[PDB]
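Next comes just one chain, in structure tokens: the form deposited in one PDB entry.
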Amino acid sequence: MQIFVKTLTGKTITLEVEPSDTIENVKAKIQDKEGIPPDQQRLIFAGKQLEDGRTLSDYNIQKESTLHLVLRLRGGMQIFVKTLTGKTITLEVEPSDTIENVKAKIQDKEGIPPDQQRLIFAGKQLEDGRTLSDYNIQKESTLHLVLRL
């Protein structure tokens, strides 16, 4: 069967599923199609927020049913990355963004390869896989970028 998942803009996504599919399976499928991370994903049906462990048949979701996708992504925050040459880069970020993502964005903006990037905050070297909030990096905090070879 096929089901519909709608965003807040009315955009409709079509998913190929079985009623035995778990909700996290659906989230993973949505990741595979639209590129949206599951942790940012929140699936809602009949005014209820669906749970990762449960399946579709558990919620009595029939074929051609419509699920709504409400993202956990906030937005409204930026931070600064200061290069050793003096220039400051202003990044638009979310507290749940990984260091991997920050480095990737730095590559997207300045062309600097992530593998060469070392981000330092408060004397500590930040590690890929953790988040800005994990390091208590607030809005308008400043990070220091050093490069290697």
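Residue positions are given as counts along the sequence shown, with the first one as 1.
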**Prompt:** If you average the CA temperature factors over each stretch, which comes out higher, 128-136 or 18-26?
**Reply:** 18-26
**Prompt:** Between 86-94 and 60-68, which has the larger average Cα B-factor in the PDB entry?
**Reply:** 60-68
**Item:** Criterion, highest CA B-factor; candidates, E100, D108, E51, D115
**Value:** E51
**Prompt:** Against its chain's modelled residues, does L8's Cα B factor rank lowest, middle or highest third?
**Reply:** middle
**Request:** Relative to the other modelled residues of the same chain, rank the CA B-factor of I36 and answer lowest, middle or highest third.
**Result:** middle
**Prompt:** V81's Cα B-factor: lowest, middle or highest third of the chain?
**Reply:** lowest
**Asked** Thinking about Cα B factors across the chain, which third does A122 belong to?
**Response** middle
**Among modelled residues of the same chain, the CA temperature factor third for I44** = middle
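A second form of this protein, the form deposited in another entry, is not displayed here; the remarks below concern that form.
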**Prompt:** Which one of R74, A122, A46, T90 is found at the hinge, the spot where the C-alphas switch from fitting one rigid part better to fitting the other better, between the shown form and the other one?
**Reply:** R74
**Fill in**
in the other entry the CA atoms of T88 and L73, compared with here and shifted by at least 3 Å, lie closer
**Complete:** Under comparison with the form shown, the C-alpha atoms of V93 and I36 in the other entry shift by 3 angstroms or more, placing them closer
